[PDB]
Structure formats: C-alpha cells, structure tokens
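Please read the structure below before turning to the comments.
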Amino acid sequence: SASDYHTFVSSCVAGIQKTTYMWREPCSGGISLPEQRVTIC
Amino acid sequence: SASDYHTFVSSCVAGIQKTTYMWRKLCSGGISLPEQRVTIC
Amino acid sequence: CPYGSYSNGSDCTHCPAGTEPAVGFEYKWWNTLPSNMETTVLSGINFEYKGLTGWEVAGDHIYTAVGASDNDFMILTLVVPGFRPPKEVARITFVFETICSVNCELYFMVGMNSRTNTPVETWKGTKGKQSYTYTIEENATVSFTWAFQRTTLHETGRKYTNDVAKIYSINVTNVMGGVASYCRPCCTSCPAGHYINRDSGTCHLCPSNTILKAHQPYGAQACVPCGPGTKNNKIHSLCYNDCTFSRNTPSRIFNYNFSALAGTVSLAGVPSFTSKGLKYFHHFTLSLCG
Ligand SMILES: *[C@@H]1O[C@H](CO)[C@@H](O)[C@H](O)[C@H]1NC(C)=O
Ligand SMILES: *[C@@H]1O[C@H](CO)[C@@H](O)[C@H](O)[C@H]1NC(C)=O
C-alpha cells in the first residue's frame with residue numbers, strides 16, 4: 001500500500017527540511033519511489 | 001567508510017529526535033547499519 | 001424396447017418429450033446374453049484363441065467358466081461403435097464380485113479407436129463387490145474386454161473352478177444405437193453458463209462466479225459456485241484464477257500477484273535410478289493460472 005514506504009522526512013531546523021521516502025531494507029511493484037522536495041521553513 | 005550511508009537524522013522537533021542511519025548499495029564491509037537513537041532536545 | 005421408452009424389466013413406458021432422448025446400457029440380469037457382448041477363450045499355454053465359451057450366464061450374474069485349463073483367459077468382449085453426446089462420452093460403471101482364491105486377475109481392457117488393447121486397471125486377488133468408473137477421452141470405437149485368469153502358475157488339470165468373477169451390473173452412458181434404459185431431462189442446448197431446467201421451461205442462467213456440471217442436467221444443483229480467490233470462466237466448465245489474490249489484514253490489504261507465473265515451466269526431479277541400472281526423472285509441467 002502507500003503507507004508501506006518508510007518515512008524519513010527532515011524537520012525545520014536552521015531553515016532547511018528534507019522530505020525523502022524510501023522502502024524498508026527488507027513490497028513488489030506499486031507506485032514508484034517519491035522524490036525529495038525542498039521548501040522554505 | 002561507515003558514514004557513506006545517507007544520514008536522515010531527524011532534526012529536533014516536537015520534543016523528539018531520531019538518529020536514523022540508512023544505506024544509500026555499492027558499499028561493502030564497514031560498521032553495520034546503525035539504528036535510530038532517541039534523546040530529548 | 002425401442003429408443004425413447006425406458007423399462008426396468010416389468011414394463012416399458014415412453015420417455016416424456018420434456019426429457020431428452022437418452023440411451024444407456026444397464027444389464028442387471030443375464031437370462032439372455034446381450035448381443036453386444038461375445039465370449040471367447042484364450043488358452044494360457046499356447047496363447048491362441050480357443051473359440052470356446054469363456055463366460056456362462058446364470059440369470060442374475062455372469063461368471064467365468066472353466067476352459068481347457070484354469071490359466072486360460074476368460075474373455076467377454078463388449079463393443080460399442082460410437083458414443084451419442086446429449087469428458088462424458090462414456091462413464092462406464094462396473095460391479096465386480098470375485099470369489100476367487102489366488103492368482104486372480106481381471107484384465108479389464110479398453111481399445112480406443114480399435115487400437116491395441118491397453119489394460120486400464122488390473123485387479124489382483126480376491127475382492128468384494130465394488131463400483132469402478134472409467135472415462136473415455138474422446139469419441140471412438142471402444143471395446144471393453146474383461147480377461148480373467150484363475151491361476152498364474154500352470155498346473156495340469158482344471159483343479160481350480162471356484163475362482164469366478166461375478167459381474168451382475170453393467171452401466172454404459174452416452175451410447176450410439178442402443179436401448180433407452182433411462183431418459184435424462186432437458187429441448188436445445190442452453191448457452192454456456194445457463195443451467196438446463198425442464199421445470200422452469202426456459203434456459204436459466206447460473207448465478208455469477210459459479211460453474212455448472214453437465215453430468216446432472218436438471219436444476220442448478222450441479223451448478224456449483226467457485227472457490228475463494230477465483231473467477232468463473234465464460235464457459236462455466238472450470239473456475240479461473242485471476243492470478244492476483246487480495247486478502248485483508250489489520251494493518252492493510254495484501255495483494256499478492258502471480259501474473260508472471262501464468263507461463264509454463266519445465267522443472268524436473270533429480271535423476272532417479274531404478275532398482276536396476278535403468279534411470280529416470282519425473283518432469284512436471286506446471287501452469288499456475290492465466
Ligand atoms: C449410469 O450412470 C449414470 C450416472 O450419471 C446415470 O445417469 C445413468 O442413468 C446410468 N445408466 C442407466 C441405464 O440408468
Ligand atoms: C464416434 O466415432 C465413430 C467412428 O469411430 C463415428 O461413427 C461416430 O459417428 C462418432 N460419434 C459421434 C461423432 O458422435
């Protein structure tokens with residue numbers, strides 16, 4: 001499902017945050033790995 | 001070198017932090033994947 | 001009794017027009033030997049056709065008669081020219097009762113398309129009354145010969161006549177040029193997925209995800225719903241697997257996929273050596289779904 005990939009978002013410290021999602025080190029097919037995006041805090 | 005994994009250390013927010021260490025995996029050897037650590041900020 | 005009328009032995013009544021004309025063989029008694037079956041003796045010592053009377057009727061059951069020697073085969077050849085269709089071209093069912101003592105072989109053979117006889121099943125030793133059903137793959141000329149051997153070992157004289165094979169019940173289904181001992185209900189063939197019903201009076205469709213059996217025509221009783229994680233085929237002959245199984249779990253829904261598994265694979269067992277030098281290996285062709 002969608003909630004299967006591990007969430008590893010960085011929060012707003014020093015004005016920078018990173019939102020990157022990747023699968024667990026141990027899912028087949030499904031939606032591709034979402035890319036990271038940068039936004040001001 | 002061990003630190004060649006991508007570090008997703010959760011920046012201090014909501015009174016919680018995660019020292020998450022995850023492999024990027026062309027590397028070999030080195031210290032095994034270190035787990036996340038919890039401490040108040 | 002002419003075809004279209006069914007008798008049980010006391011009276012013959014005409015089959016109703018609502019039921020399809022079904023002709024089948026049933027010989028529960030043997031006061032008169034049916035014209036289809038003929039008897040012969042194959043002498044075991046010389047392996048030549050003796051031309052004697054292999055089996056003797058008794059009014060209720062037919063058993064094996066003693067020939068030149070007890071080792072001689074007691075053949076009883078029944079031949080049907082073709083099969084009248086209403087996998088079910090012929091479901092023949094037997095009632096074999098063997099009071100035989102030792103070295104008792106009932107070489108029930110079948111000749112598909114008048115080929116060389118191949119023994120489908122070979123009963124050995126004393127056995128009680130049981131029903132055996134055989135399936136014919138495709139329509140052709142088929143002969144059922146029940147070769148009997150009282151003794152495998154050869155001994156001079158007919159000292160073994162107690163070994164008798166009683167076959168008092170013969171049923172043959174979907175036969176050509178035969179009597180209509182029982183007429184099945186039906187009058188056109190309903191399209192695939194519709195169960196034939198005579199009480200309803202019209203072609204009625206089965207509920208979705210159900211497969212219909214042609215063995216029991218009347219009603220939807222033979223129409224059986226498919227199993228879990230399967231889909232019904234358009235022919236309703238057999239259930240189909242979508243190759244994608246979706247099951248529920250408290251965390252989320254699991255959707256296992258088997259799409260790439262539809263194609264066949266050639267995986268064989270390890271080379272196995274027989275008790276003697278000859279070797280073999282089982283090879284199984286698997287087609288999971290699709
Ligand atoms: C033989 O068995 C079948 C079972 O499907 C039955 O329908 C048929 O009536 C039987 N034969 C006779 C002569 O009753
Ligand atoms: C079965 O095959 C025979 C020839 O061996 C043929 O005479 C008969 O018509 C066939 N039955 C059919 C087509 O229903």
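In the structure tokens, each chain is lettered A, B, ... as it comes, each chain's residues begin at 1, and ligands are numbered from 1 in order of appearance.
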
* Asked: So which residues are near ligand 1, meaning at most 8 Å away with only C-alpha atoms and all ligand atoms counted, given back as a PyMOL selection string?
  -> chain C and resi 23-26+91-93+171-173+180-184+215-216

How close does chain C get to chain A? List, as a Markdown table, each residue of chain C within 9 Å, its nearest atom pair and the distance in Å to one decimal, counting only C-alpha atoms.
```
| residue | atom | partner | partner_atom | distance |
| --- | --- | --- | --- | --- |
| C:252 | CA | A:1 | CA | 7.2 |
| C:253 | CA | A:1 | CA | 7.4 |
| C:254 | CA | A:1 | CA | 8.0 |
| C:255 | CA | A:1 | CA | 8.9 |
| C:256 | CA | A:28 | CA | 8.7 |
| C:257 | CA | A:28 | CA | 8.7 |
```

* Can you tell me, as a ChimeraX atom specification, what residues are no more than 12 Å from region 25-34 of chain B when counting only C-alpha atoms, ignoring any on the same chain fewer than 3 positions away? -> /A:25 /B:1-9,18-22,37

Once you count only C-alpha atoms, what closest atom pair and distance in Å to one decimal does each residue of chain A within 12 Å of chain B have, with rows by chain and rising residue number, as CSV?
```
residue,atom,partner,partner_atom,distance
A:6,CA,B:22,CA,10.9
A:7,CA,B:8,CA,10.0
A:8,CA,B:8,CA,6.3
A:9,CA,B:10,CA,7.3
A:10,CA,B:10,CA,5.4
A:11,CA,B:11,CA,5.4
A:12,CA,B:11,CA,7.1
A:13,CA,B:11,CA,6.1
A:14,CA,B:11,CA,9.3
A:15,CA,B:11,CA,10.8
A:16,CA,B:11,CA,9.5
A:17,CA,B:11,CA,8.3
A:18,CA,B:8,CA,8.8
A:19,CA,B:8,CA,9.7
A:20,CA,B:8,CA,8.8
A:21,CA,B:8,CA,10.6
A:22,CA,B:24,CA,10.0
A:23,CA,B:22,CA,10.9
A:24,CA,B:22,CA,9.7
A:25,CA,B:22,CA,8.5
```

* To do: Enumerate as an MDAnalysis selection string all residues of chain B assigned to strand (DSSP E) by DSSP on the backbone, naming them with the chain letters and numbers the document uses.
  => chainID B and resid 6:7 21:22

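Across the model, the gap from atom 12 (C, counted along the ligand's line) of ligand 2 to CA of residue 139 (chain C) is 6.1 Å.
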
Which neighbours of residue 138 (chain C) fall inside 7 Å, counting only C-alpha atoms, when residues of the same chain fewer than 2 positions from it are skipped, and could you give them as a compact mmCIF listing (two decimals) with C-alpha atoms, in the first residue's frame?
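File produced: selection10.txt:
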```txt
# COMPACT_ATOMS: atom_id res chain seq x y z
CA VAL C 89 -18.87 -39.53 -23.77
CA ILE C 136 -13.27 -42.11 -22.31
CA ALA C 140 -14.25 -43.58 -30.98
```

* Neighbours of ligand 2 within 7 Å, counting only C-alpha atoms and all ligand atoms, as a ChimeraX atom specification? -> /C:81-85,113,139-141

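Residues surrounding residue 189 (chain C) within 9 Å are residues 86, 186, 192, 196 and 203 of chain C [only C-alpha atoms; sequence separation below 3 positions excluded].
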